[PDB]
Participant: 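Just passing along the structure, written as structure tokens.
In what follows, chains are A, B, ... by sequence order, proteins preceding strands, each numbered from 1. Note that these values count all heavy atoms, side chains included, but never hydrogens, waters or copies made by symmetry.
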Amino acid sequence: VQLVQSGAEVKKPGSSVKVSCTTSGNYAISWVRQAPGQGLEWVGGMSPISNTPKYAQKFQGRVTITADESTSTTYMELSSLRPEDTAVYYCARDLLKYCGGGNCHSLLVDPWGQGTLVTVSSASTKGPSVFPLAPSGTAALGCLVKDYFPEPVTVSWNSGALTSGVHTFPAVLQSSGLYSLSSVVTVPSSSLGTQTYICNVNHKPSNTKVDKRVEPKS
Amino acid sequence: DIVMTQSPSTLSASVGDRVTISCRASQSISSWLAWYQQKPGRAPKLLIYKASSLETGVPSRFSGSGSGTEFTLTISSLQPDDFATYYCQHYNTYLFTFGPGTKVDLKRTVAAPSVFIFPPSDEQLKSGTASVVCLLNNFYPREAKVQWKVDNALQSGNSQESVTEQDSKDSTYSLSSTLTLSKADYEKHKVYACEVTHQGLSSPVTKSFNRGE
């Protein structure tokens, strides 16, 4: 069994998005989202009892769920998009599972879809600026990868030859609407000034690649 | 109307421990309660429904109990696969409503962070902004406080933090805090400091620099 979802979308604030879920061998489908750093939030779905939509109160008046039985596909259309609607939207079958005293109950059962990311933003695709985090036992150094959109960037060190001690942090969304991240590495203090440390930054959406050597400051 | 809460928000435990986490409903919901497991960035998985019924294929170390307003999920011997966030969920014909989740991480010994501060690069300054970065490396547990001080004045509202997932080798966390100022504001002050409070440190550790030195 599989639920196949439509693809990731970048949408302007105020616009609407329509995400789809198609079953692989008709079920009632529900939608649950997860915004970055937040918990699971049920949006709405088709009821397996009434075969009509049910919505969470917070979205009532702004979401429409429909189903084309002829294509085994269910759709969630969310309008008047806001920044806080940026989230991964998952679909799942809402399946009647048991009854008690003549009342039957449905659950969101496995497997869910893989999720669809909807990013609500006015930002255009843009590659990052890369700045050194220069080093001052064990020393730390790094690269600040600033002002890119959308996610993701990747960072390697010394073209992949340096992996131990690396931490590449999750990106943060800045108030400007652009993402930023740092990648750091700890090395022996004695190696500074003899060895060369270069961060290799790739941002595929903008096809930007930047290499930045990170050295002690004079 | 119905509000589901969970406690504790976080739990640290060792492989082999007996773990119990709690879920509360703001009004009685009989046995209409399910539990879900979620690993980061992956779809959740149903564990328990009807408060105590194990979903098909779920390992029997999971069990649930409760009725009315108070529910619990118990893992009789926590296994490596079980570090995850657990959500309870009330279901009825009209809605589903999830609790906020409990994250279960892997216990290890306390480890204080190693702290580093990085001034803005001259190159970034040439474009009009100053990012100052404070790094807390390889610490445990997760709770940590970073305070930025600029000529002793405590900063608020102008920093953002990011944390790594627990490391698969040494079970630690690392954290960056970034203070962002305009070039003009950066040039109004001299001493830039990051003060870190963590229970592995008897006293907070401060790393600082003087602008332009």
Participant: With a 4.5 angstrom heavy-atom cut-off, could you sort out which part of A:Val214 is near chain B: side chain, backbone, both or neither?
Facilitator: neither
Participant: Can you confirm whether B:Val163 sits close enough to A:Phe169 that some side-chain heavy atom of one is under 4.5 Å from a side-chain heavy atom of the other?
Facilitator: no
Participant: Between A:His105 and B:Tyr91, how do the two ring planes meet: parallel, tilted or perpendicular, split at 30° and 60°?
Facilitator: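 A:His105 vs B:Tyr91 ring planes: perpendicular.
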Participant: Just so I know, are the side chains of A:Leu108 and B:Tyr36 near enough to count as touching, which here means a heavy-atom distance under 4.5 Å?
Facilitator: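 With C-beta onward as the side chain, the pair touches.
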Participant: Heavy-atom count around B:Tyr94 OH within 6.0 Å, excluding the residue itself: above 12?
Facilitator: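 Counting other residues, nucleotides and ligands, OH of B:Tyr94 stays at 12 neighbours or fewer.
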Participant: Among A:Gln114, A:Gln38, A:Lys217, which residue has the highest count of heavy-atom pairs closer than 4.5 Å to chain B?
Facilitator: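 That would be A:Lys217.
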Participant: How far does CD of B:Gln124 sit from NZ of A:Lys146, to the nearest 0.5 angstrom?
Facilitator: 5.5 Å
Participant: A:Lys212 versus chain B, heavy atoms under 4.5 Å apart: side chain, backbone, both or neither?
Facilitator: side chain
Participant: Looking only at the side chains, is there a donor atom on one of A:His167 and B:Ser174 sitting less than 3.5 Å from an acceptor on the other?
Facilitator: yes
Participant: Give, as side chain, backbone, both or neither, the part of A:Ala56 having an atom under 4.5 angstrom from any heavy atom of chain B.
Facilitator: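 Neither part, no heavy atoms under 4.5 Å.
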Participant: Pick one of side chain, backbone, both or neither for A:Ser180, based on which atoms fall under 4.5 Å of a heavy atom in chain B.
Facilitator: neither
Participant: For A:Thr186, which atoms come within 4.5 Å of any heavy atom of chain B: side chain, backbone, both, or neither?
Facilitator: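 Only the side chain of A:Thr186 comes within 4.5 Å of chain B.
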Participant: Do B:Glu55 and A:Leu107 come within less than 4.5 Å of each other through their side chains, counting heavy atoms only?
Facilitator: no
Participant: What part of A:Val184 gets within 4.5 angstrom of chain B, counting heavy atoms only: side chain, backbone, both, or neither?
Facilitator: side chain
Participant: Please give me the minimum heavy-atom distance between B:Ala43 and A:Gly113, naming the atom from each residue.
Facilitator: CB-O, 3.8 Å
Participant: Does A:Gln2 CD have over 12 foreign heavy atoms under 6.0 Å away?
Facilitator: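 No - once you tally the heavy atoms of other residues, nucleotides and ligands closer than 6.0 Å, there are 12 at most.
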Participant: Report which part of A:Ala92 has an atom under 4.5 Å of a heavy atom belonging to chain B: side chain, backbone, both, or neither.
Facilitator: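 Answer is neither: A:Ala92 stays 4.5 Å or more from chain B.
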Participant: So among A:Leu40, A:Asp94, A:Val43, A:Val32, which one has a side chain to side chain contact (heavy atoms under 4.5 Å, CB included) with B:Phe96?
Facilitator: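 Among the candidates, only A:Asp94 passes.
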Participant: Could you please state which residues from residues 170-179 of chain A sit under 4.5 angstrom from chain B, measuring non-hydrogen atom to non-hydrogen atom, sorted by number, or 'none'?
Facilitator: A:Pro170, A:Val172, A:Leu173, A:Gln174
Participant: Using heavy-atom distances under 4.5 Å, tell me whether A:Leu133 contacts chain B through its side chain, its backbone, both, or neither.
Facilitator: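 Looking at A:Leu133, backbone and side chain both touch chain B.
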Participant: Is atom CD of B:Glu143 surrounded by more than 12 heavy atoms (other residues, nucleotides or ligands) closer than 6.0 Å?
Facilitator: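 No, because the 6.0 Å sphere around CD of B:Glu143 holds 12 heavy atoms or fewer from other groups.
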